[PDB]
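Asker: model the following, please.
(one chain, ligands or ions: 10)
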Amino acid sequence: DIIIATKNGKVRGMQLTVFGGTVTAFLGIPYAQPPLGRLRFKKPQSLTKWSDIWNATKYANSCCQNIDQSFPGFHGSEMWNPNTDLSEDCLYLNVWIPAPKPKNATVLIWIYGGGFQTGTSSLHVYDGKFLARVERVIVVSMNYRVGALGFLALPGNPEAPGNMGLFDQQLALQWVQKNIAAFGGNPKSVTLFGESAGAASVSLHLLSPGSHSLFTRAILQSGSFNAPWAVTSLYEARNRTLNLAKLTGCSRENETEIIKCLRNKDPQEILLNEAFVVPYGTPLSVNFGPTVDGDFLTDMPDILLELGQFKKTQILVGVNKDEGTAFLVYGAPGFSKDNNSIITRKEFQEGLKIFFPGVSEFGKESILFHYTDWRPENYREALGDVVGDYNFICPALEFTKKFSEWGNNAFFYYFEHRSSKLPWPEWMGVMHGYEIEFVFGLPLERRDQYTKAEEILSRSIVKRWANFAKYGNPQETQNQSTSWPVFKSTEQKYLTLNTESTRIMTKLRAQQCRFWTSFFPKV
Ligand SMILES: *[C@@H]1O[C@H](CO[C@H]2O[C@@H](C)[C@@H](O)[C@@H](O)[C@@H]2O)[C@@H](O[C@@H]2O[C@H](CO)[C@@H](O)[C@H](O)[C@H]2NC(C)=O)[C@H](O)[C@H]1NC(C)=O
Ligand SMILES: *[C@@H]1O[C@H](CO[C@H]2O[C@@H](C)[C@@H](O)[C@@H](O)[C@@H]2O)[C@@H](O[C@@H]2O[C@H](CO)[C@@H](O)[C@H](O)[C@H]2NC(C)=O)[C@H](O)[C@H]1NC(C)=O
Ligand SMILES: C[N+](C)(C)CCCCCCCCCC[N+](C)(C)C
Ligand SMILES: *[C@@H]1O[C@H](CO)[C@@H](O)[C@H](O)[C@H]1NC(C)=O
Ligand SMILES: *[C@@H]1O[C@H](CO)[C@@H](O)[C@H](O)[C@H]1NC(C)=O
Ligand SMILES: *[C@@H]1O[C@H](CO)[C@@H](O)[C@H](O)[C@H]1NC(C)=O
Ligand SMILES: *[C@@H]1O[C@H](CO)[C@@H](O)[C@H](O)[C@H]1NC(C)=O
Ligand SMILES: [Cl-]
Ligand SMILES: [Cl-]
Ligand SMILES: [Cl-]
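Answerer: Numbering: from 1, shown residues only. Ligands and ions are numbered 1, 2, ... in the order given. Sure, structure below:
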């Protein structure tokens, strides 16, 4: 029986056998008061002491959210749906400890993504026991409120101030600072890492003064705040809050009475109406996301980044080869996960209005012109690259450029290996989200039918990530590997991650990102 005494009381963990060794797991530690009743839409309130022993022996509830019901029975989509009961009572965290108890281990804190509308830390591919066993680091992950329950915003109104889900994450970071020493962790060696909206979350913690003292450095996989889906303008935030109030019959003159009306509605009523607060949407639309609240975010994040107002530390940023392909089967005509999705030129143009609804005709023709300088799968591949470059790759590169211009070491990766167990079709390639299982070390478990080369790749990736967390330098020193060079604003070197051979290259998607970052904002 391994019991740890935290600042709020004792917690009961459990022992797991991993690779002939042992890992101690504490699943479902509460880190905030359940945000129920009057506490809905408010910032997380801090927890009070319990006099007995909390059993942290199973994953806790996942936060309320809508489910991906596009492909029932299909593992490719269902593997991302929550695997615990949905509940407003969801502010819990998990911690994996190596055995025996480490003296002063570096801590990795995972922040899941999902467009700020879905996600949970209990997913199979977020299992931190492998990292704890192999690299003897401590892995922490938390659930944070998503959707309107986590990001509904009436700016300046403390009953719905916005960024509540970001304050959830932040309170979990504070929990680590206060308690991780009792688990054998080093509160001064804390690395945040996250993917998609989690990576954008990580990037905003770099911008938020309240988070600066709560971590050491940061890893951003397939996401950043400057992505076009990652931040909602305060006009849109107000317009979407008033729309959900209208859709639920909560339209009141007093803005505070609107919120209180929303606190009496059942969570499913909120969730059902979340999709309709915008006129038109895209498969990447974030209805309720981060806002400039004057609290977590003191100013528009583009200004803070441009003017060097962020935590000065090392960062690790990267993207996958085909970030955009996943979203094409969620609206683009002629696309299907069950055939090769050979589309015509006309279907490509119809594809553009799905992902760029409010853009002018000249703007969409400029996208078309730029991506058609060439094969029957030309247009299919072009649309995937349009969606992936615009929503993920080019913003990530721009974030890395602007961050590194203020003197800090930055490292950029280009992940381009497609999992041998990938359930989606071959034309989708190296999809959004499918580097996560390599980072968490699933292919190190050889009983799960990954290839030998995938075990080697995951082992190398795991070592690089752990070395970055512990030493701020993501090298694999022992096995005659390729040295990972610093990303500088001029050379813009990056490392490719795959099974055959790592390579150092420069200026990823240089032509494409000049279009998206410099020209396309003008249309
Ligand atoms: C600000 O919100 C309004 C209201 O949104 C309404 O329209 C749907 C999205 C639906 O969910 C409904 O319940 C909701 O109340 C938006 O107004 C709409 O805009 C579209 C296109 O401009 C029109 O087709 C609608 O007729 C119009 N509705 C009204 C009542 O005027 C408005 O677009 C939005 N602002 C922005 C910038 O998107
Ligand atoms: C690849 O499949 C898409 C999707 O087709 C859907 O509907 C059925 C026809 C089914 O066979 C299955 O493929 C999928 O659930 C094809 O597009 C569809 O094609 C038909 C014409 O045959 C149209 O009437 C549909 O509206 C259209 N749907 C969409 C969303 O585009 C596509 O033609 C196919 N490509 C191939 C076979 O090369
Ligand atoms: C957005 N909608 C719901 C319309 C479609 C989402 C389709 C997602 C398919 C998985 C893509 C990778 C996801 C990785 N995670 C879940 C971590 C983001
Ligand atoms: C926690 O688990 C232990 C396991 O032996 C059990 O004895 C105890 O009653 C549990 N606490 C509860 C259920 O509150
Ligand atoms: C853990 O390491 C830090 C340096 O990062 C040090 O300041 C601290 O005293 C250490 N704590 C221990 C050894 O308990
Ligand atoms: C809105 O309601 C709050 C809560 O009672 C109140 O303090 C405030 O004065 C009201 N605003 C008005 C009446 O304009
Ligand atoms: C280095 O190579 C050895 C075998 O040569 C392997 O067992 C080990 O896991 C590798 N380590 C990393 C970090 O790749
Ligand atoms: Cl490529
Ligand atoms: Cl093999
Ligand atoms: Cl190598």
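Asker: so is residue 190 in a helix, a strand, or just coil?
Answerer: strand (DSSP: H, G, I helix; E, B strand; the rest coil).
Asker: was I right to think it contacts residue 175?
Answerer: No: contact criterion C-beta atoms under 8 Å: residue 190 and residue 175 do not qualify, at 11.4 Å. Where C-beta positions appear, they are placed from N, C-alpha and C, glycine not excepted.
Asker: distance check, the residue nearest the centre of the chain against residue 457.
Answerer: In the chain, the centroid-proximal residue (C-alpha atoms, centre = their mean) is residue 198; its distance is 2.1 Å. Between residue 198 and residue 457 the distance is 22 Å, computed by C-beta to C-beta, to the nearest Å.
Asker: could you do residue 193 as well?
Answerer: Residue 193 is 18 Å from residue 457, by C-beta to C-beta.
Asker: can you mark which positions in stretch 2-15 are buried?
Answerer: 2, 4, 6, 8, 11, 13 (16 or more other C-beta atoms under 10 Å).
Asker: circling back to that earlier point, residue contacts, the residue nearest to the centre of the chain?
Answerer: 110, 111, 112, 113, 114, 119, 221, 223 (C-beta atoms under 8 Å, 6 or more residues apart in numbering).
Asker: next SSE downstream of the helix or strand harbouring it?
Answerer: Using DSSP states H and E, residue 198 sits in helix 197-207. Sequence-wise, the next helix or strand downstream of helix 197-207 (DSSP H and E) is strand 217-221.
Asker: hmm, that following strand touching ligand 3?
Answerer: No: for strand 217-221, no contact with ligand 3 is found by C-beta under 6 Å from any ligand atom; the gap never falls below 9.4 Å.
Asker: what lies in contact with that strand?
Answerer: 191-196, 198-200, 202-203, 205-206, 311, 313-319, 396, 399, 435-436, 439, 465, 468-469, 472.
Asker: go again with 6 Å.
Answerer: Under the criterion C-beta atoms under 6 Å, 6 or more residues apart in numbering, residues 191-193, 195, 199, 202-203, 206, 313-317, 472 lie in contact with strand 217-221.
Asker: please tell me how far residue 514 sits from residue 224.
Answerer: 18 Å.
Asker: residue numbers of the protein in contact with ligand 7?
Answerer: Residues of the chain lying near ligand 7 (C-beta under 6 Å from any ligand atom): 459, 460, 463, 476, 478, 479.
Asker: am I right that the fourth one is in contact with residue 458?
Answerer: No: contact criterion C-beta atoms under 6 Å: residue 476 and residue 458 do not qualify, at 12.0 Å.
Asker: looking at those two now, which is surrounded by more residues?
Answerer: Each of residue 476 and residue 458 has its neighbours counted (other C-beta atoms under 10 Å); residue 458 has more, 24 against 19.
Asker: and the more buried one, what does it touch?
Answerer: 438, 441, 443, 444.
Asker: residue 253 too?
Answerer: No contacts exist for residue 253 under C-beta under 6 Å, 6+ apart.
Asker: confirm it sits in a helix?
Answerer: No: counting by three-state DSSP, residue 253 falls outside a helix, being coil.
Asker: quick one: contacts for residue 322?
Answerer: Residue 322 touches 384, 429, 430, 431, counting by C-beta under 6 Å, 6+ apart.
Asker: of those residues - the most surrounded one?
Answerer: Of these, with other C-beta under 10 Å as the count, residue 384 tops at 27 neighbours.
Asker: ranges for the strands of the stretch 201-350 of the chain?
Answerer: 217-221, 315-320 (DSSP state E, counting those that start in this stretch).
Asker: next, report how far the last one is displaced from the centre of its chain.
Answerer: It stands for strand 315-320. 12 Å (C-alpha atoms, centre = their mean, to the nearest Å).
Asker: can you dump the C-alpha coordinates of it into PDB?
Answerer: C-alpha atoms of strand 315-320 as PDB (Å, rounded to 0.1, in the frame of the first residue of the first chain):
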ATOM      1  CA  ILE A 315      10.100  25.200 -26.700                       C
ATOM      2  CA  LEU A 316       9.600  22.100 -28.800                       C
ATOM      3  CA  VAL A 317       7.100  22.500 -31.700                       C
ATOM      4  CA  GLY A 318       6.100  20.300 -34.500                       C
ATOM      5  CA  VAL A 319       3.400  19.100 -37.000                       C
ATOM      6  CA  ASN A 320       2.400  16.000 -38.900                       C
END
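Asker: next, the angle from that strand to helix 197-207.
Answerer: 160 degrees (axes from the mean of the first three to the mean of the last three C-alpha atoms, to 10 degrees).
Asker: please find the angle between the direction vectors of the helix ranked longest in the chain and strand 315-320.
Answerer: Determined from DSSP state H, the single longest helix within the chain is helix 452-471. Using the same axes, to 10 degrees, the direction of helix 452-471 lies 160 degrees away from that of strand 315-320.
Asker: what's the helix or strand just after helix 452-471 in contact with?
Answerer: Note on helix 452-471: by DSSP H and E, the next helix or strand toward the C-terminus is strand 493-497. When contacts are defined by C-beta under 6 Å, 6+ apart, strand 493-497 is touched by residues 412, 413, 414, 415, 416, 484, 485, 503, 504, 506, 508.
Asker: how about stretch 121-133?
Answerer: 16, 18-19, 21, 23, 59, 83-84, 94, 96, 98, 110, 112, 137, 139, 141-143, 436-437, 441, 444.
Asker: the helix or strand containing residue 172 versus helix 197-207: what angle between them?
Answerer: Assessed by DSSP H and E, residue 172 sits inside helix 164-179. Angle of helix 164-179 versus helix 197-207, following the same axes, to 10 degrees, is 70 degrees.
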